[PDB]
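The next block holds one structure in the form of structure tokens; read it before the comments.
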Amino acid sequence: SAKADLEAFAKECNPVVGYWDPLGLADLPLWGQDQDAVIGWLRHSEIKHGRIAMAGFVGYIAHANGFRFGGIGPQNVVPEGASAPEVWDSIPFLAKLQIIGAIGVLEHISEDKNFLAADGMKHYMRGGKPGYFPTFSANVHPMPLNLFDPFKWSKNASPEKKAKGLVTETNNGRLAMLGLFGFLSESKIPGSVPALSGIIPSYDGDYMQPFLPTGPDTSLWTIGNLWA
Amino acid sequence: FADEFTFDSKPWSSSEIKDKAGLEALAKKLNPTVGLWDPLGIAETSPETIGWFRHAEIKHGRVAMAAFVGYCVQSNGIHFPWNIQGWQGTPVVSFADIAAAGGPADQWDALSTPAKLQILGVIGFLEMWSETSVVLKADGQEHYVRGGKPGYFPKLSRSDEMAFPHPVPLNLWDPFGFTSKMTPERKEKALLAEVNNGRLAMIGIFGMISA
Amino acid sequence: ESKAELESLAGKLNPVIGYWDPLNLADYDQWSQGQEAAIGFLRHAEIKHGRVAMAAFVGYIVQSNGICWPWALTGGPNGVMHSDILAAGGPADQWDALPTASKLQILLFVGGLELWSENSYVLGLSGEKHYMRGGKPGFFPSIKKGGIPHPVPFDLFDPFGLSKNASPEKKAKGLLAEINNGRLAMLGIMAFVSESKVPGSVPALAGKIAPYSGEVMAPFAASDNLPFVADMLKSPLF
Ligand SMILES: CC(=O)O[C@H]1CC(C)(C)C(=C=C/C(C)=C/C=C/C(C)=C/C=C/C=C(C)/C=C/C=C(\C)C(=O)C[C@@]23O[C@]2(C)C[C@@H](O)CC3(C)C)[C@](C)(O)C1
Ligand code: KC2
Ligand code: KC2
Ligand code: KC2
Ligand code: KC2
Ligand SMILES: CC1=C(C#C/C(C)=C/C=C/C(C)=C/C=C/C=C(C)/C=C/C=C(C)/C=C/[C@@]23O[C@]2(C)C[C@@H](O)CC3(C)C)C(C)(C)C[C@H](O)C1
Ligand SMILES: CC1=C(C#C/C(C)=C/C=C/C(C)=C/C=C/C=C(C)/C=C/C=C(C)/C=C/[C@@]23O[C@]2(C)C[C@@H](O)CC3(C)C)C(C)(C)C[C@H](O)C1
């Protein structure tokens, strides 16, 4: 049973706490689908949230402390000394659009039947591995590197080690979620995360609005900027 | 190489220490008084981590003793009689000028940037020659994390297939056989000594830096 | 434990009194889990109060006699010294003059210990069970054996293992002494705080316990700017 697998996974994550579902979301019938499909959805959502939160935390240290690529690019319109909430606000509108669009294409490839079937897998709600990004083996143009393990460092890793790695992924993703929203919360309700008192600056602007402020409308292309 | 870049463990096949009992044996051998002093409990780890800690301790011992002797010499002011720059149409700088720059930290600071880069490059070359598993296995050992002796520097002079394109005259450790043949366990006595004076030189060099 | 075993314990603690429950709180079923569970909870509460009160008695004596630590409590160019916390006033005033982070960290460390004790999985890993399920009424489990990711150097009870290899008779005698010394130290620390708030309440300590204005059953003082602290402190009480 998918619930039994989830409870065992929770025990692996933390045997002191074990399975901790105070709302019974694992028993909620999302979309009227059975418990196995709903648990697949919830595990995929947990892993996805955790992954993106870990990337968000590392990128918060990168942007706020000051870590930029050189050359012509979106980096040249963000003011120096800008804080992590102003970096996204300051990049060009096309940069925001194309970042979100590329993330969307990756989501689409993640849930497409074509790639998951070419990799001999199924959708995470239809008896598949929750949190599996397929190789780009069904994209039209042959694609150099895959998303997960692009250099294939885990081509020969034990299944037990992979299971432990997924157990690590869930826990570290949860903790990264807590830290990243600690950073966000300290800027819109000061004195909420006591350690960050005085570190994170206040930010006047809706975090959850992606395209506000719209940012500059510059044209950063140089050679062949006929569209300007 | 890509088959060995596993990021994971493989079974050990040597008598190197891979447990707390083995660590305790070496601990009493180093010093019967203290024994194993592991408050953080980094003996309760995997064989690869134990070997990693052992090699890290040994390497800190090497660098710390070398640093302490270099600090003492540079404080004594026994500079070199050569010129350190100015042969390919560059400015002239002398080891006397480097010495007169100040204390040994100031001397390193006064050292020119490409000189620093070249020194660090040689040290990195030595480091990766140490880490090369293929070189150790052409020689008689493995990577310290995967059951090798912690501290072994492979020979830089050789005629095997894994030999440099140009012949190298001598090796890093024991270039002229000053070790020659210690007895089969007097080498181990010297290893115990090395760990002890390495720890002492570690404390000494950090104390001097603090002062 | 059962009422018979509790009576045996009381007889061993003082063979003249024996079982002394004028309220019959042992028969008072609370938590609706049987007399065994109720007696387990009451015994755990007695032992925990005894331990905390004995430690607090020694802490009050040490702090009230000007024996602050040499090192600092807060770090920075302008950090509150342990000497400054001493000069804040009497021991309760020292606690109230602590930084908010210091108070929070102390009480949350204690809370983590309390959750660690309450967990039946950790207790089972250490052996024995919950105090309300047939376990030893006061028994802190092993922080090492529980399975914290980093191996802790020492456990909380008997870190250096000086009570290790103790005779079982010595163990039972020690748990009797723990309960009794607890029972007395509770009154000791409460009398210290009572002389602090109401002078002359405990007649013996006259002028030897410093005064105190704020409420003693109030971990957070006016200096602690956390949600609702000032609103809670707005109205004092006897
Ligand atoms: C958008 C835009 O405009 O961006 C701007 C900003 C940006 C991006 C920052 C820019 C930049 C900087 C960049 C990209 C710099 C790149 C630098 C680079 C790429 C530096 C490599 C050094 C490698 C070395 C020394 C290797 C030696 C290697 C050796 C010794 C060997 O060959 C050995 C060996 O192989 C042999 C010969 C063959 C075999 O027998 C044996 C082996 C295998 C052992 C640009 C250019 O300004 C553009
Ligand atoms: C920013 C994003 C991101 C972060 C920060 C992150 C961090 C960690 C950590 C660190 C705490 C661990 C220890 C860990 C472990 C594993 N990750 Mg993960 N990961 C991210 C992204 C992806 C993607 C896209 C995939 C993936 C996977 C796996 C597998 C499965 C291997 C297998 O079963 O073959 C294992 C063991 C692949 C998969 O199939 O997951 C079901 C997969 O496609 N990860 N991952
Ligand atoms: C991971 C995300 C990502 C992907 C996968 C991706 C793919 C493609 C493809 C697909 C094959 C094409 C054909 C394409 C083309 C252009 N991209 Mg694009 N791009 C991504 C990200 C960004 C960012 C951040 C920026 C950017 C831009 C431009 C400009 C316009 C330059 C200009 O008008 O000066 C052009 C012509 C820049 C921009 O619009 O700057 C105002 C800019 O900052 N892209 N991009
Ligand atoms: C500047 C750096 C440096 C210093 C300051 C230093 C000092 C001392 C002292 C102090 C008085 C003693 C007594 C001593 C003794 C031994 N050193 Mg050592 N040593 C340094 C560097 C290297 C390198 C690179 C290697 C090495 C080794 C050995 C072996 C093993 C021989 C064998 O069994 O083959 C023995 C007995 C080799 C090895 O395998 O070490 C595990 C090896 O590669 N040493 N070493
Ligand atoms: C503030 C903290 C504190 C104080 C100041 C304190 C004082 C005294 C005194 C003097 C007044 C005596 C004479 C005494 C004796 C014993 N204490 Mg004790 N104790 C404290 C805390 C704990 C904790 C956490 C545990 C514990 C225990 C034992 C055992 C073990 C018996 C066994 O092994 O069966 C014996 C004999 C452990 C246990 O198992 O108790 C059932 C246990 O977990 N104590 N304890
Ligand atoms: C490597 C890697 C990955 C990655 C990645 C990332 C971040 C990739 C991002 C790629 C990106 C951002 C690629 C932009 C391309 C832009 C193009 C082609 C623009 C053409 C522009 C053209 C053709 C313009 C032409 C003209 O103006 C010209 C010159 C003059 C006239 O004659 C004609 C006109 C006017 C039309 C994976 C796969 C995600 C995961 C894997 O694990 C590892
Ligand atoms: C400027 C210019 C010109 C020029 C020039 C030229 C040709 C310049 C050449 C410079 C050159 C050739 C510079 C070498 C440095 C080598 C160093 C520092 C080696 C250290 C080596 C060390 C420290 C080695 C140590 C050991 O090996 C020992 C001793 C024994 C071994 O057991 C162990 C190890 C390996 C550790 C022209 C031709 C005049 C005209 C032109 O127009 C412009």
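Computed quantities for the displayed model
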item	result
Radius of gyration and maximum dimension Dmax of segment A:8-119, Cα, Å	19.4, 52
Mean Kyte hydropathy of 1.0 or more with a Cα span along the axis of at least 24 Å, helices from DSSP in chain A	A:93-111
Most mobile listed residue (C:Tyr19, C:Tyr131, C:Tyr60) in chain C, GNM with C-alpha springs under 10 Å	C:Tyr19
Ascending count of other beta-carbon atoms within 10 Å, so fewest first, for C:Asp224, C:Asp21	C:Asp21, C:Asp224
Neighbourhood net charge (15 Å Cβ-Cβ; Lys/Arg +1, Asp/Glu -1) for A:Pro85	-3
Structure-based [θ]222 nm, the protein assembly as shown - -39500 (n - 2.57) summed over DSSP H runs of at least 4, per residue, nearest 500	-16000 deg cm²/dmol
Restricting segment A:1-94 to chymotrypsin sites (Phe, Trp or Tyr not before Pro) in coil, as DSSP defines it, with at most 16 other Cβ within 10 Å	A:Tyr19, A:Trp20, A:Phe67, A:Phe69
Alpha-carbon centroids, segment C:202-238 and segment A:1-55: separation in whole Å	46 Å
Segment B:141-211, relative contact order in percent, only Cα pairs under 8 angstrom and at least six apart counted	15 percent
Under the Karplus curve 6.51 cos²θ - 1.76 cosθ + 1.60, θ = phi - 60°, whole-Hz ³J(HN,Hα) for segment C:28-41, x wherever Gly or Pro sits	5, 6, 10, 6, 6, 9, x, 5, 4, 5, 5, 5, x, 5
Sequence-distant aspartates and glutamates (8 or more away, or on other chains) whose Cα lies within less than 14 Å of B:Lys29	B:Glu185, B:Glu188, B:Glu194
Exposure rule at most 13 other beta-carbon atoms within 10 Å, DSSP loop GluC sites (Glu not before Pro): chain B longest free segment	B:5-160
Cβ neighbours within 10 Å from other chains - mean over B:2-9	5
Relative contact order of segment C:123-238, pairs being alpha-carbon contacts under 8 Å that are 6 or more residues apart, as %	11 percent
For chain A: relative contact order, % (alpha-carbon pairs under 8 angstrom, 6 or more apart)	25 percent
Trypsin sites (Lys or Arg not before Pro), loop per DSSP, at most 16 other Cβ atoms within 10 Å - longest free stretch of chain A	A:156-228
Nearest 10 degrees, 0 to 90: helix C:100-118 Cα axis against chain C principal axis	0 degrees
29 Å Cα-Cα reach of C:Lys234 towards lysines, excluding residues that sit fewer than 8 places from it in its own chain	A:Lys188, C:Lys103, C:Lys197
Three-way shape label, chain A, alpha-carbon gyration tensor, a/c 1.5	oblate
Chymotrypsin sites (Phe, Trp or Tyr not before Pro) within segment B:109-211, DSSP loop, no more than 11 other Cβ atoms inside 10 Å	B:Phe176, B:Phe178
Whichever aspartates and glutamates have a C-alpha closer than 19 Å to that of C:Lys208, once near sequence neighbours (fewer than 8 apart) are set aside	C:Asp93, C:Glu195
Total charge dipole magnitude, chain A, about the Cα centre, Cβ charges on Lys, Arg, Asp, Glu only, Debye to nearest 20	660 debye
For A:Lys48, net neighbour charge (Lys/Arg +1, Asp/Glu -1) across residues whose Cβ lies under 15 Å away	0
Helix C:3-13 axis, angle to chain C major axis (alpha carbon atoms, nearest 10°)	60 degrees
Unit charges on C-beta of K, R, D, E only; dipole of segment B:104-182, Debye	240 debye
Cα centroid of segment C:1-60 to Cα centroid of segment B:53-94, whole Å	71 Å
Residue exposure sequence - A:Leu226, C:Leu226 - by fewest surrounding Cβ within 10 Å	A:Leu226, C:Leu226
GNM result for chain A, Cα springs below 10 Å: residue of A:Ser185, A:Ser158, A:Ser45 fluctuating most strongly	A:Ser158
Cα-based helix-to-principal-axis angle, C:168-197 vs chain C, degrees rounded to 10	30 degrees
About the Cα centre, charge dipole magnitude for chain B (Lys/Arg +1, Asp/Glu -1 at Cβ), debye	580 debye
In segment B:111-200, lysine pairs with alpha-carbon atoms under 26 angstrom apart (chain gap of 8 or more, or interchain)	13
Dipole-positive endmost among C:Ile47, C:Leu108, C:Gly124 within segment C:20-144 (Cβ charges, Cα centre)	C:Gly124
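Where a number appears in this text, it was derived from the coordinates with a stated rule and is not lab data. Virtual Cβ from ideal backbone geometry, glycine too; neighbours counted across all protein chains shown.
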